[PDB]
Each structure stands twice: as C-alpha cells, then as structure tokens.
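One structure below.
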Amino acid sequence: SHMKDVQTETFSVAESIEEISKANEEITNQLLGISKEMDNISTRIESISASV
Amino acid sequence: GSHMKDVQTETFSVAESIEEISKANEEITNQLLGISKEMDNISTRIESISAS
Amino acid sequence: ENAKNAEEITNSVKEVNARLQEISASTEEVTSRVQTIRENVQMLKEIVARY
Amino acid sequence: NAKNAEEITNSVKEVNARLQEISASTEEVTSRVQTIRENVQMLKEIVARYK
C-alpha cells in the first residue's frame with residue numbers, strides 16, 4: 001500500500017499548518033490593539049503641533 | 001493509478017497556495033523591518049523634543 | 001526645533017499607519033490561504049483512509 | 001508638552017514590545033513554511049512514481 005509516503009508527509013504539514021493558524025491569530029490580536037494605541041499617539045502629536 | 005490522480009488534485013492546490021504564503025510572509029517581514037526603524041526614530045525624536 | 005520634531009514624528013506615524021494597513025491585508029491574505037491548505041490536508045487524509 | 005511626551009514615550013515603548021512579538025510570530029510562520037514547502041515536493045515525487 002503506497003499510502004505510506006502520503007501519510008508521513010500529510011502528518012508533518014498538519015502539525016505545521018496548526019502553528020501557522022495560531023500565529024496568524026496572535027498577529028491579528030496584536031495588530032488591532034496597535035492600530036488603536038497608534039491612533040491615540042496621533043491625537044497626542046496633533047496636540048503637540050497645536051501647542052507649538 | 002487513479003487514487004494517486006486524486007492525490008494530485010489536492011497537492012496542486014497546496015503547492016499554488018504555499019507559494020503565495022511564501023511571498024506574503026516575506027512582504028510582512030519587510031514591512032515590519034520598516035515600521036521598527038521608524039519606531040526607533042519616534043523613540044529618539046521624543047527624547048530630543050523633550051530636552052528641547 | 002519643536003516644530004521640526006513634531007512634523008518629523010507626524011511623518012513617521014503616517015508611514016507606520018500605511019505599512020500597518022498593508023500588513024493587515026497580507027495577514028488576511030495568509031488567513032485565507034491557510035484555510036485552503038487545511039481543506040486540502042483534511043480531504044487528503046480522507047484518501048489515506050479510503051484505500 | 002512634558003506630560004504628552006512622557007505618555008508617548010510609554011505608549012511607544014509598549015507598541016515596540018508588541019511589534020517585536022509580531023516579528024517573533026512572523027518568524028515562526030516563516031520557519032514552518034520551510035517544512036510544508038519541502039513536504040509538497042515529496043508528495044509530487046510519489047504521485048509521479050505511482051500514477
């Protein structure tokens with residue numbers, strides 16, 4: 001049965017696509033918090049330009 | 001080998017997709033390098049403006 | 001100098017915001033192409049059972 | 001200006017930390033795409049051999 005070398009490689013991409021999937025969610029969580037924190041720095045710099 | 005022809009149909013979609021993820025994660029890493037160098041400039045300039 | 005530095009920081013923030021929206025799009029591109037590889041690795045483990 | 005330059009120095013410091021963790025996860029996707037790319041070259045030889 002030649003479904004041996006199909007199984008050994010379709011096991012390695014399944015333990016690896018899983019960490020990719022998790023890492024894409026962790027990147028997503030950081031990114032959307034950073035856009036909010038960045039948009040508050042934008043207000044503070046605008047206040048400094050006004051102050052100048 | 002018809003069951004290996006079934007395997008090719010799957011393995012074509014994976015090979016097309018992994019080549020896009022390979023360029024998309026290189027586009028992310030280069031943009032992240034550019035953000036960091038600008039963030040160190042904001043860090044640097046926010047100490048010099050405070051001394052000013 | 002305070003006018004110069006304020007604009008220099010504003011110009012860096014504009015760069016960061018533009019590169020960050022390109023990374024969100026590329027993250028959505030990877031979040032779409034991860035699902036395509038997951039389906040063709042579950043539908044391929046179905047062949048491994050069939051035979 | 002002193003109270004806003006301090007609040008930016010502290011938010012920039014947390015942003016840079018959070019950004020260094022995106023660089024970490026992006027390295028971890030980059031490193032596991034080497035595994036997957038290698039295994040879809042192998043899946044191609046076995047089909048060529050036995051189709």
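Heads up, the Cβs are rebuilt from the backbone with ideal geometry, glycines too, and the neighbour counts pull from every protein chain shown. Read-outs throughout are calculated quantities, based only on the coordinates presented, and are distinct from any laboratory measurement.
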For region B:14-46, what are the residues that are within 30 Å of C:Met43 (Cα to Cα) and surrounded by fewer than 17 Cβ atoms within 10 Å (Cβ to Cβ)? B:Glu16, B:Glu19, B:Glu20, B:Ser22, B:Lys23, B:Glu26, B:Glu27
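Take the residues in region A:41-52 that are more than 7 Å from chain D (Cβ to nearest Cβ) and surrounded by fewer than 17 Cβ atoms within 10 Å (Cβ to Cβ); name whichever of them is nearest to B:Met4 (Cα to Cα).
A:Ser42
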I'd like to know if region D:1-18 contains one or more residues that are out of contact with any helix residue (DSSP H, G or I) (no Cβ under 9 Å at 6 or more places or on another chain) and not polar (S, T, N, Q). yes
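A quick yes/no check of all residues on (1) under 22 Å from A:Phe11 (Cα atoms); (2) without any contact (Cβ under 8 Å) to a residue 60 or more places away in the chain; (3) surrounded by fewer than 20 Cβ atoms within 10 Å (Cβ to Cβ):
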position	(1), (2), (3)
D:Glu7	no, yes, yes
D:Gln20	no, yes, yes
D:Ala24	no, yes, yes
D:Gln34	yes, yes, yes
D:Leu43	yes, yes, no
Scan of region D:1-31 for residues that are polar (S, T, N, Q) and under 15 Å from B:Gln31 (Cα atoms), ordered by number: D:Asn16, D:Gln20, D:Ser23, D:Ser25, D:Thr26, D:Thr30
Among the numbered conditions (1) more than 7 Å from every other protein chain (Cβ to nearest Cβ); (2) farther than 23 Å from D:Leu43 by Cβ, tell me where A:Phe11 comes up short. (2)
